[PDB]
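Chain by chain, the residues:
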Amino acid sequence: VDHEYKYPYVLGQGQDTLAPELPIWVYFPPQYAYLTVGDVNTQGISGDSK
Amino acid sequence: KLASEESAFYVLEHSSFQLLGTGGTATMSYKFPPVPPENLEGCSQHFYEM
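**Points about the overall build of chain B**
When helices and strands are tallied, chain B shows 0 helices and 0 strands. For chain B, the C-alpha radius of gyration of 24 Å lies well beyond 10 Å, the compact-globule estimate for 50 residues. Structurally, chain B occupies a C-alpha span of about 60 × 45 × 20 Å along its principal axes. When each of the 50 residues of chain B is scored for burial, the buried share is 0%. Of the roughly 6200 Å² of accessible surface on chain B, a fraction of 57% belongs to carbon and sulfur atoms.

**Remarks on the overall build of chain A**
The helix and strand inventory of chain A stands at 0 helices and 0 strands. For a compact globule of 50 residues, the expected C-alpha radius of gyration is about 10 Å, and chain A comes in at 18 Å, more than 25% above that figure. Over its C-alpha atoms, taken along the principal directions, chain A stretches across nearly 55 × 30 × 15 Å. When the accessible surface of chain A is totalled, it reaches about 5400 Å², and 56% of it is carbon and sulfur.

**Concerning unusual backbone geometry**
Positioned with a positive phi, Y5 of chain A is a non-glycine residue whose angle comes to about 55°. Given a relative accessible area of 63%, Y5 of chain A falls into the exposed group.

**Section: the packing of aromatic side chains**
In total, this model carries 3 aromatic pairs over all chains according to the counting rule given. Aromatic pair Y32 of chain A and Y34 of chain A: ring centres 5.8 Å apart, planes at 35°, arrangement tilted. Taking 5.7 Å as the distance between ring centres and 90° as the angle between the ring planes, the aromatic pair formed by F47 of chain B and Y48 of chain B counts as edge-to-face. We note that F47 of chain B, like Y48 of chain B, is exposed.

**Overview of the environment of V10 of chain A**
Residue and element names in this part refer to chain A. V10 sits in the partly exposed class, given a relative accessible area of 29%. For the pair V10 and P23, spaced 13 residues apart in sequence, the C-alpha to C-alpha distance is 24 Å. In this view, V10 contacts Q15, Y32, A33 and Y34; residues no more than four positions away in its chain are not counted.

Rules behind the numbers
- Residues numbered from 1 in each chain as written, not as in the entry; some residues may be left out.
- Chains lettered and ligands numbered in written order.
- Part of a larger assembly, values for the part shown.
- Heavy atoms only, no water.
- Helix = DSSP H or I, 4+ residues; strand = E, 2+ residues; numbered from the N terminus.
- Rg over C-alpha atoms; globule rule 2.2 N^0.38 Å.
- Buried < 20%, exposed > 50% of the residue type's maximum accessible area, 1.4 Å probe, protein only.
- Areas by Shrake-Rupley, 256 points an atom, 1.4 Å probe, with all protein chains shown as cover.
- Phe/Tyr/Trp six-rings, centres within 6.5 Å; stacked < 30°, edge-to-face > 60°.
- Contact = heavy atoms within 4.5 Å.

Rendered as structure tokens:
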């Protein structure tokens, strides 16, 4: 339980991650994943970027 | 007969109930209201022959 908000907060983003609407359905809690800042590096000659 | 606004759809999982493990015990108790006793004895006369 991240009371300190140490970890990137991903709740409350309109994502399809909610508990089931009916009580007869099993919740499959989402895998935790988050986005972070970084540097845009040009992928060689292609000019595409990561 | 199709369901209508008056049609009562009850979902028992929406209430609180007990979860009992193996070896579990639970007890219900109920008191009857006062009711007229059933008479176990009959009549030796016709009421119209009194």
